[PDB]
Amino acid sequence: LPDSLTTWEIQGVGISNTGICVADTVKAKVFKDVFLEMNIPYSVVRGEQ
Amino acid sequence: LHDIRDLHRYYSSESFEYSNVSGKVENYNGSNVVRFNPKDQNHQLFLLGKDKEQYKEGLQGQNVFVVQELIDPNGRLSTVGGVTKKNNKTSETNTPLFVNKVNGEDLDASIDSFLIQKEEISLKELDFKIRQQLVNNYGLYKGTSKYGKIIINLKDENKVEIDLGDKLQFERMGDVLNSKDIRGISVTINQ
Amino acid sequence: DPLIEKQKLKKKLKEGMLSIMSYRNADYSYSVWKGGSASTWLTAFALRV
Amino acid sequence: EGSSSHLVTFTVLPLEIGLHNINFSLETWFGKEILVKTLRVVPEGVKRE
Amino acid sequence: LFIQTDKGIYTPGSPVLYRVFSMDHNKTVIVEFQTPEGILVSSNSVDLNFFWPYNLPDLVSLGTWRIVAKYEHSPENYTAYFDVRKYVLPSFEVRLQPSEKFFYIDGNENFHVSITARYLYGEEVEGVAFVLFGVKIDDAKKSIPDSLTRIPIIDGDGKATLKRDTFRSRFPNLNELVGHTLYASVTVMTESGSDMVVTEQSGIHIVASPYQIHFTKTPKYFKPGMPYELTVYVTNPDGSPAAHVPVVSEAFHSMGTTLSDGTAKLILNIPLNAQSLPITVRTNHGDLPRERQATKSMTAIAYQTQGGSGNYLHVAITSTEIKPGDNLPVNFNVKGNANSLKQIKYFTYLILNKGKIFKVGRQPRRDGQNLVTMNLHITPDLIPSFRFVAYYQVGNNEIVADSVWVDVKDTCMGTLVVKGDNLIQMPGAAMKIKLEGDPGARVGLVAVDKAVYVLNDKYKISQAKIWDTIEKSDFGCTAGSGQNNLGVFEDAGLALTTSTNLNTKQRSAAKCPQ
Amino acid sequence: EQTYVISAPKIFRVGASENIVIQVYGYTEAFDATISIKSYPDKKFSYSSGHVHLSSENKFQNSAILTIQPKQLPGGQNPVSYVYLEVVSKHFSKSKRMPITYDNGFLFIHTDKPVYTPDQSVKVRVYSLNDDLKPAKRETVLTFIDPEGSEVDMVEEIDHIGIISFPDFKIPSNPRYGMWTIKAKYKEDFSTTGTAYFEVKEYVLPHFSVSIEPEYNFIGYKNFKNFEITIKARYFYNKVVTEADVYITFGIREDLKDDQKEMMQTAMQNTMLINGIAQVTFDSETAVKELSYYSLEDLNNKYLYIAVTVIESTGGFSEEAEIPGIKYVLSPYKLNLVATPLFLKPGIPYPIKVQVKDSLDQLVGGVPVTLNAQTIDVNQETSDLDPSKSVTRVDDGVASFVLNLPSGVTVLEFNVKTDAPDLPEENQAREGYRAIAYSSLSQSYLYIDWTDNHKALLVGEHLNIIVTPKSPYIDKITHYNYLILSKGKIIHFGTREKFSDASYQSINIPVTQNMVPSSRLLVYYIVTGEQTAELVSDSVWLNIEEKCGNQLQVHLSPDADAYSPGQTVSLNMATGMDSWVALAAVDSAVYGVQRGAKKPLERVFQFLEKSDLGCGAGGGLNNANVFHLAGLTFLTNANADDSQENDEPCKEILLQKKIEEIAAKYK
Amino acid sequence: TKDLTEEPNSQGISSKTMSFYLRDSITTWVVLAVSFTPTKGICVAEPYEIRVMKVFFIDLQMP
Ligand SMILES: *[C@@H]1O[C@H](CO)[C@@H](O[C@@H]2O[C@H](CO)[C@@H](O)[C@H](O)[C@H]2NC(C)=O)[C@H](O)[C@H]1NC(C)=O
Ligand SMILES: *[C@@H]1O[C@H](CO)[C@@H](O)[C@H](O)[C@H]1NC(C)=O
């Protein structure tokens, strides 16, 4: 998967001599519970605390 | 080689197909017999089609639709004819095919298709698959279903016929047909 | 593969031409910055391109 | 707190110019997250001949 | 009555608490506790509002106690079983899934049993399992000793196979197996040597057939020169319904396919001069060889129009699998004597159920209508099964009728669902569950460690056992119809008397002559 | 007396395998017939011919299939409209000019998402099928279009299996924001069209998330006096704002994307967003008045428009937010006919099915429905049927009725309405329809039912269909016959001899692949007279189950309901021999960022249903209509086919000083 | 034995929320509800699985 919270919705398809076939939309929501994110700045200068 | 139960079996069986198989002739009795190492055992082929009299020499890398008619205990099996050109153009035509069901005064019929997977194709392969489809989508050889015919159209006054009552004997199995030529198949199945 | 690399590049090329279309206007003249009256200059440049 | 958010700080200061990368971890009654960051560090008044 | 005990199995010393429901219709109930030794130990007279538990002594009989409830003075004798036994709810569930639902008592097929094993807490178990196969001659078992083998359960999975040849070498006398059951004794044991469980894949049936055809659900009488609807019911060898099994009768070149409940309504066209009606049903299944799949025959009689009038009534029920709160149309078909039907004014129907006459009503017909149809609105009452009887009268002298019987989806009359969040909780933590149901409803909850809940499947009370247990009251006795107009009313559990001293046979009692 | 019965689709499709069938109630000497398709007036060119031989063996019904392989002009457009159908019997011989189209197949242009932000890459693929519904190795061209009418890019690919993967299209560094349009078209002979939309928007990193949700997405008297409005604000996921002024304003608006709206002096003042949330109530009745000159929600079937500005008083910031419309409806309900044609056979119960969707276009369980109706005699008389009431099924929003019609009627006018034990009489949902009599001087009609509702219909099942043939001066019916249509082509046909004595009877038709999405079935008998001919029929439509024929399935390694990020996962794929798969993963949340109708693949079958030249439950107005209404036209009938006229569209069914100023000077 | 006394919704359902403390058990709980009503009579519920667990722990398989 991709480390990135979101509810993925994955739907394939299969077209073959018999016809096209829309398979069954399969959902996969990533994590929840309790997480953490960080606010790291673009730049910081040596000697800065 | 009649019956009903029987028919269901022989037509239900595992069909297989091969190529690049060149083999020299040896007659075990009447006129022929050959053999081939498929990759697992050692087969056996009884050519004796009106196309065998032009082929008592042997095979050169042809396509042979081998379906077991009867088996020995080592994986090897005898099959009749089924030989086609090779290089057989893997052109893939979609052919019309009507299927009617008779029942005294009653009629249920269908327009449908058959998938020819070659350029030239053994009437043996035709015979088999034509009935294969039938047996699973048209209830052939289950119950009263066991009488009927298969007329294949080729040109404005040419057709080949096949009684369903008794799979078409082995001598015409060496026969062969040009895919492009098949206007279409008509099958009627009475009860 | 040559006929391929050529493709790729032609593509980059169109995709990169497309950029500037945004700054084109009502009457088919181009503005310096987006939303600004259009400049005889810039429009001439875009022609040059 | 329930259905909420708590905050986090790390007071830090870098010495190596442009040194990077910090594994940042959070364990909870459910498991461990290793979130990975990268910190950017820099000199003071730049120019290139 | 219907008993519910907190769990199916008990520590000595624990207190078994029960609650006892009655499908409401001075409320005094007798409850009794018998030990499996057989001895009585408590005779209680509770009101349906409150009751206590039976304290099992830290020292008391072991086995399968029977809690038995009834009504003061009226042999309802309903019952419920609990196990009480020195044990240790092991920490992990085992589930078995056999390869086929049955074993061909004369075939070649080897018998696979798949094993999945997971900690109650929902993670895969790792370990080792001994599986021993055998056959159950009624209340005796018979090991296939050599069939006992050891198998690694890895990431929770693993297959335990029985070999045909070993089978034969234990039972070459085929005649002995006839009508019995293969059983798989499976013991699984965590790799840690710590905990270990044992269950049994039982009730695998040995037979020649993969299916079973049954006709009792389709009437034994028909209307000549009228389409007769045959209703085939196809059980898996146990009793369960098996769906999507195709059936046919070549005698009619008519075929169908059982459904979600084991029924298929194959319609039949019937030539006029008919009287007998022999039908032979085969279980056509594109995977089973003919000789395997099962067959069964029956022969149905024609109706006997009153005084040979020729005035027939058929009432077809069109739909299938019927949900309460459904609109299902019902077809009224007449036939016969011209200047007879000319004066067929109104149909009279009654809906029988639970063995009493629920709703009754009239369906007008206007002239020229030989087929007049009406929308019926199913409502909870008719659960689980209702009958439709209907008739018309010509000129105040002739009565002719028909009854069809219908299964309504064996479901909850009202609603009840325990709503939650389904996210992984933490020990002793604070929990919220919403409760959705019928207003004013009294709800009896219980919470239970997966352990007990799996360990004793059979004893639990279930909507299923409920409904069946009530259906087993409706005084009806065939899928409907009858010899004759009277016979429809008799068979259908009704009794009839008309000004014209035309009457139903004397009812002998509940139950019906086989 | 004894005519033949040549039947075939109302139109032909060029490059289409086209089915033509041919009954004949007619004598026993087997014979031969030529069926050709020739040029539209000329008749010298013969595009294709089949020589069917109907005989006794053949119940004198057979069929062959014809085709028109691109024979026109490949450098100058201009099609031909029209072309001739023809039969050449030993006995009869007859033709029928009739239309053709270059509309063959369908192109479904799968766009990897439906909103895009600058520099993003529009991943695009096209599924591409032919009338027949097989792949169709066809050279295909898509052409992109900006939001203002400029054919930006335009590329073409070849095709080897139905899935043409196209060269992604990168937005630009700095795009023309809007409603981008992708157009699909085949390059050659045909003319089929596919079309797709994708919204390209500018990303702005805001300082709040400003949620703004109302009571329900519509107003009906229930809340006309007070409309609830909850409005929220937050930051990084879960942390909510805390202190904020909130300003709302309202207006009324004729609809949507009309970039205009009459807004009302009474911009409901600060409720003040306190702690992630704020809430307001809004009187529709009150506001609607003075400025908007409306005074009764009758004068309202248009949208209430909301505009909110939240400004966090703490750091001094501000985001806007808004709903563009919340439609005003004179009833919570709206209802419609389902699976029930407005054509009735006398002496035959007429079924009636109403769906009661809510304003939110959903099925609504447990709704009371009332049915009134007046009947008119052939005699001209008028009869008031006594009302009939029924309640809408739990899941179908389907209320079912049946009424047995008096033989003597020929036009049935009716009335559906709702009856919620609270709604006002005015504010109930009402709808009026009228149904005409199958007309036939034969006086004889026909009607076919079958035992189903909640109709699954699984392929491999056998449909038990009851044919009742009433009102015939004369029942004297030799044979019932049948056509099975599906996907604008015929795929089953045949005959059963009636039962020479009894009323209604039963045909047993097996359900097969060919008929998979949905199939039409029509059944006709031949009543004859020394005025040699009378054909008469009926047709139903048949929702059989969406079974892909091959059988694609797909699953993930652990089927749990939450997946920790990045966790390596498997993707397994079930199929029917050797099928071809085009997977696609998207953020389910993209969808919610454009209220626009669902663009996921499920809109396929529907789109792919326009295939069917059908139109309604079936059951036309006269042996003619019935057939045309089922997508056919026929040749033979001594009795005669009607050449339609033209195709009407039809639908099936399954505070002041300032405002005075700026407003004024807003020249 | 909780009693669903509470105005129903449009649908005729009553919804009674419930607070309670889970157990120290490290396992999977299963809630079974039964309802008796005057009219509707009996009704066996839909077994609700409540599933407890923590990331680190002890199993004390003990006789
Ligand atoms: C109800 O429960 C008891 C079991 O305690 C049933 O047991 C039998 O009762 C009959 C009736 O007199 C006795 O003659 C037998 O001694 C009992 N033995 C068996 C074989 O069960 C009892 O039958 C039940 N009541 C009814 C409906 O008869
Ligand atoms: C951080 O963790 C990763 C994988 O999670 C590992 O491969 C790496 O060596 C770690 N780096 C640091 C800074 O500790």
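Above: the structure in question.
J.: Help me get a handle on the sheet that holds strand β31 (residues 371-377) of chain E, residues and values and all.
T.: Residue and element names in this part refer to chain E. If you trace the 3 strands from one edge of the open sheet to the other, you get β27-β28-β31, paired in antiparallel fashion. Strands with a single pairing partner mark the edges of an open sheet, and in this sheet they are β27 (312-317) and β31. Ignoring which end each strand starts from, the neighbouring axes of this sheet average 20° apart. Here β27 pairs with strand β28 (residues 327-335) via 6 bridges, running antiparallel. Directly across from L313, in β28, lies its bridge partner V334.

J.: Account for the interface of chain F and chain C, naming residues and giving values.
T.: Each partner contributes to the interface: chain F provides 13 residues, whereas chain C provides 11 residues. Buried surface at the junction of chain F and chain C, both sides included, amounts to about 1,000 Å², of which 50% is carbon and sulfur. By the criterion of area lost to chain C, the three top residues of chain F are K170, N174 and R176 of chain F, representing 45% of everything that side buries. On inspection of chain F and its partner chain C, the count reaches 1 salt bridge. A salt bridge links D153 of chain F to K14 of chain C, with the nearest nitrogen and oxygen atoms 3.9 Å apart. Between the two partners, chain F and chain C, sit 4 residue pairs in polar contact.

J.: Just give me the short version of the packing of aromatic side chains, but keep the residues and values in it.
T.: Per the counting criterion, the structure on display carries 46 aromatic pairs over all chains. Look at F208 of chain F and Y235 of chain F: their rings are 6.4 Å apart centre to centre, the planes differ by 85°, and that puts the pair in the edge-to-face class. Placement of the pair is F208 of chain F in the loop between β17 (193-200) and β18 (209-214) and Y235 of chain F in the loop between β20 (227-234) and β21 (243-253), with a sequence separation of 27 residues. In this structure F208 of chain F comes out as buried when scored by relative accessible area, which is 4%. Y235 of chain F sits in the partly exposed class, given a relative accessible area of 25%. Centroid distance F250 of chain F to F282 of chain F: 4.1 Å. Interplanar angle 40°. Geometry classified as tilted. One end of the pair, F250 of chain F, is in strand β21; the other, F282 of chain F, is in strand β24 (residues 277-282), with 32 residues separating them in the sequence. By relative accessible area, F250 of chain F is classed as buried at 1%. Here the aromatic cluster, defined as three or more aromatic residues joined through ring pairs, consists of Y10, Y18, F33, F51, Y54, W65 and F82 of chain E. When the ring centre of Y183 of chain E is taken as reference, the NZ or CZ atom of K141 of chain E above it lies at 4.6 Å. In this structure, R292 of chain E packs its charged tip against the face of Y104 of chain E, placed 3.8 Å from the ring centre.

Criteria and cut-off values
- Residues numbered from 1 in each chain as written, not as in the entry; some residues may be left out.
- Chains lettered and ligands numbered in written order.
- Part of a larger assembly, values for the part shown.
- Heavy atoms only, no water.
- Pairing = 2+ DSSP bridges.
- Helix = DSSP H or I, 4+ residues; strand = E, 2+ residues; numbered from the N terminus.
- Axes fitted to C-alpha atoms, helices over the stretch in contact; angles between N-to-C directions.
- Contact = heavy atoms within 4.5 Å.
- Buried area = accessible area lost by both parts, 1.4 Å probe.
- Salt bridge = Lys/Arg side-chain N within 4 Å of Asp/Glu carboxyl O.
- Polar contact = N/O pair within 3.5 Å; in protein donor to acceptor, adjacent residues only side chain to side chain.
- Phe/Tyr/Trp six-rings, centres within 6.5 Å; stacked < 30°, edge-to-face > 60°.
- Buried < 20%, exposed > 50% of the residue type's maximum accessible area, 1.4 Å probe, protein only.
- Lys NZ or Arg CZ within 6 Å of the ring centre and 35° of its normal.

Function-wise, these values are silent; they only describe arrangement.
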